[PDB]
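Residues take their numbers from the sequence shown, with the count starting at 1. Excluded from the calculations below are hydrogen atoms, water molecules and symmetry mates; all remaining heavy atoms, backbone and side chain alike, are included.
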Amino acid sequence: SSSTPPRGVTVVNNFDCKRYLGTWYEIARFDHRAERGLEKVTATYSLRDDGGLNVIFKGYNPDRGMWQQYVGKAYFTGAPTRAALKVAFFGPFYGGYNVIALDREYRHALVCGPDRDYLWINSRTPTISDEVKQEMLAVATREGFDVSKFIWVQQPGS
């Protein structure tokens, strides 16, 4: 089931959706065809009339010589105080989106998909401290993700 969280993963359960809105830089990702080779990736989150979120993915594609966007819609699968969502880019075809770690300042987030082949480190800044990087890798490995799969995404100052 590609719209539920991975078995045996803790999801953030005191989620304040309003503080999560705005722009997040992608620090690291497990690669798949949608993202592979994209640089300087951000995700931008905004509230919709219908209680879902707009998710605008932006990345630089060196082979095409262009910036490209993916326009999606995210909805909470349960209460909006549990950071368990599902995202679609076309039609009723959803993937799981789960915030599994978040600092009290809503400045750094570990986000996974519906299984352990999907994981992202995200930051309000394009670079993170070695201390924040270490905590992210510790949380991910404790939840059973193979962090050797990370691609460290090209960002200004990386």
Side-chain angles (χ1 to χ4, degrees), residues 5-6 8-32 34-48 51-60 67-89 94-158:
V9 167
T10 288
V11 181
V12 166
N13 73 347
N14 271 66
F15 192 60
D16 174 348
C17 189
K18 183 174 173 170
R19 298 177 73 183
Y20 195 75
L21 303 182
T23 300
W24 291 87
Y25 294 94
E26 188 184 70
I27 302 306
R29 64 177 177 242
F30 294 4
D31 246 0
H32 295 282
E35 289 199 277
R36 184 169 290 99
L38 298 185
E39 293 180 341
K40 300 181 279 183
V41 170
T42 61
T44 303
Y45 301 85
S46 49
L47 195 44
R48 298 164 58 74
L53 306 178
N54 296 317
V55 187
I56 312 296
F57 176 101
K58 176 176 173 174
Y60 183 71
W67 291 84
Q68 56 181 74
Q69 292 173 331
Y70 302 142
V71 180
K73 296 182 277 196
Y75 297 90
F76 291 104
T77 62
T81 64
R82 199 154 164 273
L85 299 95
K86 67 178 160 201
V87 190
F89 294 92
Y94 290 84
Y97 176 110
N98 304 278
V99 191
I100 61 180
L102 188 61
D103 54 7
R104 290 328 189 180
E105 308 92 13
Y106 279 56
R107 298 276 294 166
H108 311 99
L110 189 70
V111 174
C112 70
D115 66 33
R116 288 175 172 81
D117 295 334
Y118 296 85
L119 186 70
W120 297 269
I121 302 167
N122 299 317
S123 180
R124 295 286 190 174
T125 52
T127 71
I128 60 171
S129 72
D130 287 340
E131 169 168 50
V132 164
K133 183 188 168 187
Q134 185 63 35
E135 293 175 25
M136 292 283 178
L137 292 182
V139 168
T141 63
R142 195 171 53 174
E143 308 275 352
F145 293 80
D146 176 6
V147 304
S148 69
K149 286 153 80 175
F150 273 132
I151 301 304
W152 295 90
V153 173
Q154 305 289 317
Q155 299 288 2
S158 79

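Side-chain contact between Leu53 and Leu21 is present, with at least one heavy-atom pair separated by less than 4.5 Å. In this structure, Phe150 and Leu119 have side chains that are in contact, with non-hydrogen atoms separated by less than 4.5 Å. Under the 4.5 Å side-chain criterion, counting only non-hydrogen atoms from C-beta, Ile27 is not in contact with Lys133. The shortest distance between side-chain heavy atoms of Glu26 and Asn122 falls below 4.5 Å. Contact annotation: the side chain of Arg107 approaches that of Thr125 to within less than 4.5 Å [non-hydrogen atoms, C-beta and beyond]. A heavy-atom distance below 4.5 Å is found between the side chains of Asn98 and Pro6. Between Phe145 and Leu110 there is no side-chain heavy-atom pair separated by less than 4.5 Å. Side-chain contact between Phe15 and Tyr106 is present, with heavy atoms from C-beta onward closer than 4.5 Å.
Between the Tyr70 side chain and the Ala34 main chain, a donor and an acceptor come within less than 3.5 Å of each other. No donor-acceptor distance shorter than 3.5 angstrom exists from the side chain of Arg124 to the backbone of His108, with no hydrogens or angles considered. Side chain of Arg116 to backbone of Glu143: a donor-acceptor contact under 3.5 angstrom is found.
Atom OG1 in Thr81 sits 8.5 Å away from atom CZ in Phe76 (nearest 0.5 Å). If you take CZ on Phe30 and CG on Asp115, they are separated by 10.5 Å, rounding to the nearest 0.5 Å. Annotation: the span from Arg36 atom CZ to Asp31 atom CG amounts to 4.5 Å, rounded to 0.5 Å. To the nearest 0.5 angstrom, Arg29 atom CZ is 6.0 Å from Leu38 atom CG.
Between the side chains of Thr127 and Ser158, no donor N or O sits under 3.5 Å from an acceptor N or O.
Among all heavy-atom pairs drawn from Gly59 and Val41, the shortest one is CA-CG2, 4.1 Å. Nearest heavy-atom pair across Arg48 and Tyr75 is NE-OH, 3.6 Å. Contact between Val153 and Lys40 at its shortest, heavy atoms only, is CG1-N, 4.1 Å. When all heavy atoms of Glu35 and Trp120 are compared, the pair lying nearest together is OE1-NE1, 2.8 Å. In terms of heavy-atom proximity, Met136 sits nearest to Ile121 at CB-CD1, 3.8 Å. Scanning all heavy atoms of the two residues, the minimum distance from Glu39 to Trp67 falls at O-CZ3, 4.5 Å.
Aromatic ring pairs are classed by plane angle as parallel below 30°, tilted from 30° to 60° and perpendicular above 60°; the pair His32 and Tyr118 is parallel.
Atom CZ of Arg104 has 12 or fewer neighbouring heavy atoms from other residues, nucleotides or ligands inside a 6.0 Å radius.
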| query | Does the pair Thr44 and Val55 meet the rule for a side-chain contact (heavy atoms from CB on, under 4.5 Å), with working shown? | reply | CA-CA 6 Å; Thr44 303; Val55 187; over 6 Å; no

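Pairs of residues two or more places apart, or lying in two chains, that qualify as salt bridge (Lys or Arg N to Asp or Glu O under 4.0 Å) and include a residue from residues 149-158 are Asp117-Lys149.
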